[PDB]
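Engineer: input38.txt is the file, holding compact mmCIF, N, CA and C atoms:
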```txt
# COMPACT_ATOMS: atom_id res chain seq x y z
N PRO A 305 -12.26 83.02 81.31
CA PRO A 305 -13.55 82.54 80.83
C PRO A 305 -13.85 81.16 81.39
N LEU A 306 -15.13 80.89 81.60
CA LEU A 306 -15.57 79.62 82.12
C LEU A 306 -15.52 78.56 81.02
N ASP A 307 -15.22 77.34 81.43
CA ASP A 307 -15.26 76.20 80.54
C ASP A 307 -16.49 75.31 80.79
N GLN A 308 -17.51 75.85 81.47
CA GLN A 308 -18.79 75.17 81.64
C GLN A 308 -19.54 75.19 80.31
N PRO A 309 -19.91 73.99 79.80
CA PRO A 309 -20.78 73.98 78.61
C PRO A 309 -22.02 74.86 78.73
N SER A 310 -22.32 75.59 77.65
CA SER A 310 -23.29 76.68 77.68
C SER A 310 -23.73 77.03 76.27
N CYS A 311 -24.90 77.62 76.16
CA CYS A 311 -25.37 78.09 74.85
C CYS A 311 -26.17 79.38 75.07
N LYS A 312 -26.46 80.07 73.98
CA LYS A 312 -27.23 81.29 74.06
C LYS A 312 -28.49 81.08 73.27
N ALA A 313 -29.61 81.47 73.87
CA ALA A 313 -30.91 81.36 73.20
C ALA A 313 -31.02 82.31 72.03
N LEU A 314 -31.42 81.77 70.88
CA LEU A 314 -31.64 82.57 69.69
C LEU A 314 -33.03 83.16 69.67
N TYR A 315 -33.98 82.46 70.32
CA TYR A 315 -35.41 82.85 70.31
C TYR A 315 -36.02 82.56 71.68
N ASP A 316 -37.13 83.21 72.00
CA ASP A 316 -37.92 82.78 73.16
C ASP A 316 -38.37 81.35 72.94
N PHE A 317 -38.44 80.60 74.04
CA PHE A 317 -39.00 79.26 74.02
C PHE A 317 -39.88 79.08 75.25
N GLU A 318 -41.14 78.76 74.97
CA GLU A 318 -42.14 78.51 75.99
C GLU A 318 -42.32 77.00 76.12
N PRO A 319 -42.18 76.45 77.35
CA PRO A 319 -42.24 74.99 77.47
C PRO A 319 -43.66 74.44 77.27
N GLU A 320 -43.75 73.26 76.67
CA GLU A 320 -45.04 72.61 76.43
C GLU A 320 -45.45 71.71 77.58
N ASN A 321 -44.48 71.38 78.42
CA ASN A 321 -44.69 70.60 79.64
C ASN A 321 -43.54 70.85 80.61
N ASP A 322 -43.68 70.32 81.82
CA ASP A 322 -42.72 70.54 82.91
C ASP A 322 -41.34 69.93 82.66
N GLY A 323 -41.26 69.05 81.67
CA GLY A 323 -39.97 68.47 81.27
C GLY A 323 -39.09 69.45 80.49
N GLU A 324 -39.72 70.43 79.85
CA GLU A 324 -39.03 71.40 78.99
C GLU A 324 -38.60 72.63 79.76
N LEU A 325 -37.48 73.19 79.36
CA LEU A 325 -36.95 74.39 80.00
C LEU A 325 -37.25 75.62 79.16
N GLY A 326 -38.04 76.54 79.72
CA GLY A 326 -38.33 77.81 79.07
C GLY A 326 -37.23 78.86 79.18
N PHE A 327 -37.21 79.77 78.23
CA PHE A 327 -36.19 80.81 78.21
C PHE A 327 -36.57 81.93 77.24
N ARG A 328 -35.84 83.05 77.34
CA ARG A 328 -36.07 84.19 76.47
C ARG A 328 -34.85 84.35 75.57
N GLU A 329 -35.07 84.95 74.40
CA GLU A 329 -34.00 85.28 73.48
C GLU A 329 -32.86 85.94 74.24
N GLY A 330 -31.65 85.48 73.98
CA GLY A 330 -30.46 86.08 74.56
C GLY A 330 -29.99 85.47 75.87
N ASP A 331 -30.82 84.64 76.52
CA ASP A 331 -30.43 83.99 77.79
C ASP A 331 -29.23 83.07 77.64
N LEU A 332 -28.36 83.07 78.65
CA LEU A 332 -27.21 82.18 78.69
C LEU A 332 -27.64 80.95 79.48
N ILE A 333 -27.72 79.83 78.77
CA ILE A 333 -28.23 78.58 79.31
C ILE A 333 -27.06 77.66 79.59
N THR A 334 -27.09 77.03 80.75
CA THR A 334 -26.09 76.05 81.10
C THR A 334 -26.40 74.73 80.38
N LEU A 335 -25.44 74.16 79.65
CA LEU A 335 -25.69 72.86 79.00
C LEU A 335 -25.29 71.73 79.92
N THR A 336 -26.16 70.72 80.08
CA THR A 336 -25.81 69.57 80.94
C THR A 336 -25.76 68.22 80.19
N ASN A 337 -26.49 68.11 79.09
CA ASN A 337 -26.48 66.88 78.31
C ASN A 337 -27.02 67.09 76.90
N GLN A 338 -26.60 66.26 75.96
CA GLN A 338 -27.31 66.25 74.67
C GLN A 338 -28.07 64.94 74.56
N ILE A 339 -29.39 65.04 74.45
CA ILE A 339 -30.24 63.84 74.37
C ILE A 339 -30.11 63.18 73.02
N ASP A 340 -30.28 63.97 71.97
CA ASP A 340 -30.13 63.45 70.62
C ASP A 340 -29.73 64.57 69.68
N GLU A 341 -29.84 64.31 68.39
CA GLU A 341 -29.41 65.25 67.37
C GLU A 341 -30.14 66.58 67.45
N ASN A 342 -31.30 66.57 68.10
CA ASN A 342 -32.20 67.73 68.08
C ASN A 342 -32.53 68.34 69.43
N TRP A 343 -32.14 67.68 70.52
CA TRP A 343 -32.57 68.09 71.85
C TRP A 343 -31.44 68.12 72.88
N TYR A 344 -31.39 69.20 73.66
CA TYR A 344 -30.44 69.38 74.75
C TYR A 344 -31.17 69.31 76.07
N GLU A 345 -30.40 69.07 77.14
CA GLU A 345 -30.86 69.29 78.51
C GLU A 345 -29.95 70.37 79.06
N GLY A 346 -30.49 71.24 79.90
CA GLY A 346 -29.67 72.26 80.52
C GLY A 346 -30.37 72.90 81.67
N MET A 347 -29.80 74.02 82.10
CA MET A 347 -30.30 74.72 83.27
C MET A 347 -30.33 76.23 83.02
N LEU A 348 -31.32 76.89 83.62
CA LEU A 348 -31.38 78.35 83.64
C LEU A 348 -32.08 78.79 84.91
N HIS A 349 -31.46 79.74 85.61
CA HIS A 349 -31.94 80.23 86.91
C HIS A 349 -32.18 79.07 87.86
N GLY A 350 -31.32 78.05 87.77
CA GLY A 350 -31.40 76.89 88.65
C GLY A 350 -32.43 75.84 88.28
N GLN A 351 -33.27 76.14 87.29
CA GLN A 351 -34.29 75.19 86.84
C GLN A 351 -33.68 74.35 85.73
N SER A 352 -34.18 73.12 85.57
CA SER A 352 -33.61 72.21 84.58
C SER A 352 -34.69 71.74 83.60
N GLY A 353 -34.28 71.42 82.38
CA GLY A 353 -35.23 70.79 81.45
C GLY A 353 -34.61 70.61 80.08
N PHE A 354 -35.43 70.12 79.15
CA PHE A 354 -35.02 69.82 77.78
C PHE A 354 -35.42 70.99 76.89
N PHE A 355 -34.71 71.21 75.79
CA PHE A 355 -35.15 72.25 74.83
C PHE A 355 -34.48 71.93 73.50
N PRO A 356 -35.00 72.48 72.38
CA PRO A 356 -34.45 72.11 71.07
C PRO A 356 -33.10 72.75 70.76
N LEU A 357 -32.22 72.00 70.11
CA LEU A 357 -30.95 72.55 69.63
C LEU A 357 -31.17 73.75 68.70
N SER A 358 -32.23 73.68 67.91
CA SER A 358 -32.50 74.70 66.91
C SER A 358 -32.82 76.09 67.52
N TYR A 359 -33.13 76.16 68.82
CA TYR A 359 -33.41 77.44 69.47
C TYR A 359 -32.18 78.11 70.10
N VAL A 360 -31.03 77.48 69.99
CA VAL A 360 -29.86 77.99 70.72
C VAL A 360 -28.62 77.93 69.84
N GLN A 361 -27.61 78.68 70.26
CA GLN A 361 -26.29 78.66 69.64
C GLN A 361 -25.27 78.33 70.72
N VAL A 362 -24.50 77.27 70.49
CA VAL A 362 -23.53 76.84 71.50
C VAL A 362 -22.43 77.91 71.67
N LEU A 363 -22.04 78.13 72.93
CA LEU A 363 -20.89 78.95 73.29
C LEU A 363 -19.71 78.05 73.66
N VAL A 364 -19.95 77.19 74.64
CA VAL A 364 -18.96 76.21 75.07
C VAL A 364 -19.62 74.83 74.88
N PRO A 365 -19.04 73.99 73.99
CA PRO A 365 -19.66 72.72 73.71
C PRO A 365 -19.50 71.72 74.85
N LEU A 366 -20.48 70.83 74.96
CA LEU A 366 -20.33 69.60 75.74
C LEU A 366 -19.23 68.74 75.15
N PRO A 367 -18.63 67.87 75.98
CA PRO A 367 -17.70 66.90 75.39
C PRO A 367 -18.43 66.02 74.40
N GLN A 368 -17.76 65.67 73.32
CA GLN A 368 -18.39 64.90 72.25
C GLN A 368 -18.04 63.43 72.42
```
Once more with this new file: its structure as structure tokens, please.
Structural biologist:
Amino acid sequence: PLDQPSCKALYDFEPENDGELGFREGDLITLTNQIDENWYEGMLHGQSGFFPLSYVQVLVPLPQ
């Protein structure tokens, strides 16, 4: 198994601007940073952006 930080989308998320990363329920998202208590940065299909913690479930956590 990979030790790359990652999470799985619980719900579809449509971005409100180009800073946000869109995704569909069930997508495996690469985690790259945690901005704050409520927001992550990550990657999907090579694209990068921010999205809410509340829309995802962590698989492999970022270092704390």
Engineer: Got a sec: who's within 12 Å of residue 358 (chain A), counting only C-alpha atoms, leaving out chain neighbours fewer than 3 positions off, as a list in words?
Structural biologist: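 The filter keeps residues 311, 312, 313, 314, 315, 316, 317, 341, 342, 343, 344, 355, 361 and 362 of chain A.
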Engineer: Which is closest to residue 351 (chain A) among A:339, A:318, A:332, A:326, if we use only C-alpha atoms?
Structural biologist: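 Ranking A:339, A:318, A:332, A:326 by distance to residue 351 (chain A), first place goes to A:326.
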Engineer: Between CA of residue 368 (chain A) and atom N of residue 321 (chain A), what is the distance, to one decimal in Å?
Structural biologist: 27.6 Å
Engineer: Step by step: start from the point (-30.2, 71.9, 79.9) in the file's coordinates, keep every protein, DNA or RNA residue that has an atom no farther than 5 Å from it, count all atoms listed in the file, and write the set as an NGL selection string.
Structural biologist: :A and (334-336 or 344-347 or 353)
Engineer: Out of A:328, A:323, A:333, A:367, which residue has the shortest atom-to-atom distance to residue 310 (chain A) when counting only C-alpha atoms?
Structural biologist: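 Between A:328, A:323, A:333, A:367, the residue approaching residue 310 (chain A) most closely is A:333.
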Engineer: In Å, how far is it from CA of residue 324 (chain A) to atom C of residue 305 (chain A)?
Structural biologist: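 These atoms are spaced 27.1 Å apart.
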Engineer: Which centre and edge lengths in Å to one decimal define the box along x, y and z that fits every listed atom of region 342-345 of chain A plus 6 Å per side, as lines of an AutoDock Vina configuration file?
Structural biologist:
```
center_x = -31.3
center_y = 68.5
center_z = 73.6
size_x = 14.6
size_y = 15.8
size_z = 23.0
```
Engineer: So which residues of chain A fall under strand (DSSP E or B) by DSSP, listed as a ChimeraX atom specification?
Structural biologist: /A:310-313,317,324,327,332-338,343-348,351-356,360-364
Engineer: Counting only C-alpha atoms, figure out which residue out of A:306, A:325, A:357, A:363 gets nearest to residue 338 (chain A).
Structural biologist: A:357
Engineer: Rank A:348, A:366, A:340, A:307 by their smallest atom-to-atom distance to residue 327 (chain A), using all atoms listed in the file, and report the top residue only.
Structural biologist: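 For residue 327 (chain A), the nearest of the candidates is A:348.
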Engineer: How many Å lie between atom C of residue 320 (chain A) and atom N of residue 359 (chain A), rounded to one decimal?
Structural biologist: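 Result for atom C of residue 320 (chain A) versus atom N of residue 359 (chain A): 15.8 Å, one decimal.
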